[PDB]
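What follows is a single chain, given as structure tokens, in the form deposited in one PDB entry.
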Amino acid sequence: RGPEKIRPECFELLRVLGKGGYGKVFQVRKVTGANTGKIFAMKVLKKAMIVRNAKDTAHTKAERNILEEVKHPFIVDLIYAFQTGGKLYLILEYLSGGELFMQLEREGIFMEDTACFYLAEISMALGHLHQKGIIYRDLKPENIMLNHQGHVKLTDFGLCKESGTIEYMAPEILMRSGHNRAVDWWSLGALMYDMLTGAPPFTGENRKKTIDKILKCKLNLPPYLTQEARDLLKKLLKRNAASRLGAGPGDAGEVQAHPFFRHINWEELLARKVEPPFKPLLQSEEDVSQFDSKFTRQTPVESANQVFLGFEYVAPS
């Protein structure tokens, strides 16, 4: 009758949210103890293959450490972490709003009024990551998800699926010239562009032809844009890192003070009091309408042991 153990047998596998090389992401229901009947996302990783590559072991541990350390409204929360021999488990909150990119397709284009909200919430998460000395490097529409009410949540701090897309990355990543916090304000710019045009600013016929267009860095001004958004974009998508907005000593604050966010109340927005532009389909909590039909499956598939010593975690709440 002590504290709860948190084994894999504590969860019922409902469905597959994502499959990748290193493991699987399930939608699960906690069936015993504390949160009985509550829905989670469960990331399950294969120990055997993580330990083969130091860079892989890094991101797995980083994610684990990052998510324990970071508690924030616009960053996905880690509920439990535990392990078996051969497998690692991460229990994260289930985000039923799906991808933000998903809304974009349906809308075709975001209005600046709507884009602002999502960018501002993303900006808060990004600046906080920087207060914790962390650089998302590759931020892209695939990484931004929505909670049940439609608020921003940032999500893959660990391994990569399929062992991604470069058109949202800063030129300095590609030229290996070294990077910094400003790399994300670039990626934010690339996102803003995608939000208001439907496409990334620099795209090519192939892997390298895309790369060169980014390094070229040619402005493309759609006529329907306001000067605020126009000017905001030109500062974020500056090739020059030092001259980029958010690269200064004020970081996120320097970006957020922009007249494009002149209508934003941050005290309210961070409290998540502001109504999101999209309250997404509400059939039930375990509503899975937006990810599949892609994944619809339901199945779970050693010498020098440590690492993954002290991997176990349970969020205080």
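Note that residue numbering begins at 1 and tracks the sequence as displayed. Each form is matched to the other, and the largest set of C-alpha atoms that superpose within 1.5 Å is called the rigid core.
Although it is not shown, the form deposited in another entry is what the next lines describe.
Only one entry in 51, 264, 41, 252 has its C-alpha moved by 2 angstroms or more between this form and the one not shown when the rigid core is superposed, and that entry is 51. Comparing the forms between this form and the one not shown on their rigid core, the Cα displacement of residue 27 stays under 2 Å. Whereas the displayed form keeps them at a certain spacing, the CA atoms of residue 59 and residue 146 lie at least 3 angstroms farther apart in the other form.
The pair residue 53 and residue 17 is tighter in the other form: their Cα-Cα distance falls by no less than 3 Å compared with this form.
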